[PDB]
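Engineer: coordinates only, sequence not included:
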């Protein structure tokens, strides 16, 4: 099968969980509306190996054997980066997942202050994009909007990528 | 702070994600009704290191450096066990995660055919219990109700344990 793993922060493991529910044939799930019935047949050929929510630097570093840059802001509950570092970390997490679990497609996401970053790494190519929503992990400004936008954009891009590269 | 990590299957990382939203002070979240006002103050002292959804045997094994038993049933999208092995696996995952990440409190959950299993392992004690809902991961029979009860029972027990042991 086509195997997928994700290491997600702002999107709370929902990109991986959605991929899993779609693949397994769930008839109701939060982001099902993004999939056509044809997309859902293609998704039966995908298996999720793991979908991790990894807010801790020490968590990410220990589970994936990578090393992350120092946070840009002090924040007790999650590593907190500005945009430049979120883009760097999404790539480092996707790459580390791909090495640790040997999957076809790895997905990293992270967002501190700004639009956040999602990296989708396949066997062929690496895709890196921001969300549409500026938010702030610490003040909570726009954080739910950013989360929902990031999940939707992550899944839309994942489906485009899967179809382009694998179907 | 009190650190927590989770390795969840049937509960979809929602035990750990709920713990994180309560601890970070989210104003509204799906299972907030489980927390009293005093509970939410206590929760500010908790940090989530990772909450992982790990439906594959290979995923759990590689991320925690453990070995799990062979599945009882053939099923493509997730490891599939009888209740006796679910009870073994929830323990093996909670113990492996606590050694991998050195957290105060580790939680594992798994459910195939039957009521499933949740393990809460603290610095002091190991708790292990089934959910209250018989379901079947392969047919989807009652899986939604088992998931909800598993998250509710997991959180309700986690709070009782956190207060008894840490407060």
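Structural biologist: The structure has been received and is ready for your questions. Residues are numbered from 1 along each chain as shown, chains lettered A, B, ... in the order given.
Engineer: C-alpha from now on. contacts and neighbour counts both.
Structural biologist: Fine.
Engineer: Which residues are in contact with the closest residue in space to residue A:121 that isn't next to it in sequence?
Structural biologist: Computed as CA to CA, 6 or more residues apart in numbering or on different chains, the closest residue to residue A:121 that is not its neighbour in sequence is residue A:106, at 5.2 Å. By CA atoms under 8 Å, 6 or more residues apart in numbering or on different chains, the contact set of residue A:106 is A:4-7, A:94-95, A:97-98, A:120-122.
Engineer: Distance from the chain centre to the helix or strand where residue A:106 lies, please.
Structural biologist: Element membership for residue A:106 (DSSP states H and E) is strand A:105-110. Centroid separation between strand A:105-110 and its chain, computed with CA atoms, centre = their mean, to the nearest Å, is 4 Å.
Engineer: Now do the contacts for residue A:23.
Structural biologist: So residue A:23 contacts A:40, A:43-47, B:77 (CA under 8 Å, 6+ apart).
Engineer: CSV please, covering the contacts of residue A:106 and showing secondary structure.
Structural biologist: Output for the contacts of residue A:106, formatted as CSV (DSSP: H, G, I helix; E, B strand; the rest coil):
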residue, secondary structure
A:4, strand
A:5, strand
A:6, strand
A:7, strand
A:94, helix
A:95, helix
A:97, helix
A:98, helix
A:120, strand
A:121, strand
A:122, coil
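Engineer: Can you pick out the most distant pair from the residues you listed?
Structural biologist: Farthest pair in the contacts of residue A:106 (CA to CA) is A:7 and A:122. Separation: 14.3 Å.
Engineer: More neighbours: which of these two?
Structural biologist: residue A:7 (30 against 22; other CA atoms under 10 Å in any protein chain shown).
Engineer: any idea how far residue B:73 is from the more buried one?
Structural biologist: Residue A:7 is 28 Å from residue B:73, where distance means CA to CA, to the nearest Å.
Engineer: can you check residue A:51 too?
Structural biologist: Applying CA to CA to residue A:51 and residue B:73 gives a distance of 22 Å.
Engineer: So these two - more neighbours on which side?
Structural biologist: Legend: neighbour count by other CA under 10 Å for residue A:51 and residue B:73, higher for residue A:51 (31 against 13).
Engineer: could you say which helix or strand contains the more buried one?
Structural biologist: strand A:46-53.
Engineer: Summarise which helices and strands that strand is packed against.
Structural biologist: The contact analysis (3 or more CA pairs under 8 Å, 6 or more residues apart in numbering or on different chains; DSSP states H and E) places strand A:46-53 against strand A:2-8, helix A:14-24, strand B:46-53, helix B:57-64.
Engineer: so which of the ones you listed gets nearest residue A:152?
Structural biologist: Of the helices and strands packed on strand A:46-53, nearest to residue A:152 by CA to CA is helix A:14-24, at 8.0 Å.
Engineer: Return the set of buried residues in the next helix or strand after the closest one.
Structural biologist: Sequence-wise, the next helix or strand downstream of helix A:14-24 (DSSP H and E) is helix A:37-43. If you call a residue buried by 16 or more other CA atoms under 10 Å in any protein chain shown, then helix A:37-43 has these buried ones: A:39-40, A:42-43.
Engineer: residues in contact with helix A:37-43?
Structural biologist: By CA under 8 Å, 6+ apart, helix A:37-43 touches A:19, A:22-23, A:25, A:159, A:167.
Engineer: Could you list the contact residues of chain A toward chain B?
Structural biologist: A:12-13, A:17, A:20, A:23-24, A:47-56, A:58-60, A:62-64, A:76-77, A:100-101 (CA under 8 Å from any CA of the partner chain).
Engineer: Narrow those to just the buried residues.
Structural biologist: A:12-13, A:17, A:20, A:23-24, A:47-56, A:58-60, A:63-64, A:76-77, A:100-101.
Engineer: helices and strands around whichever helix in chain A runs longest, which ones?
Structural biologist: Looking only at chain A and at elements set by DSSP state H, the helix with the highest residue count is helix A:143-166. For helix A:143-166, the packing partners by 3+ CA pairs under 8 Å, 6+ apart come out as helix A:14-24, strand A:117-121, strand A:135-136.
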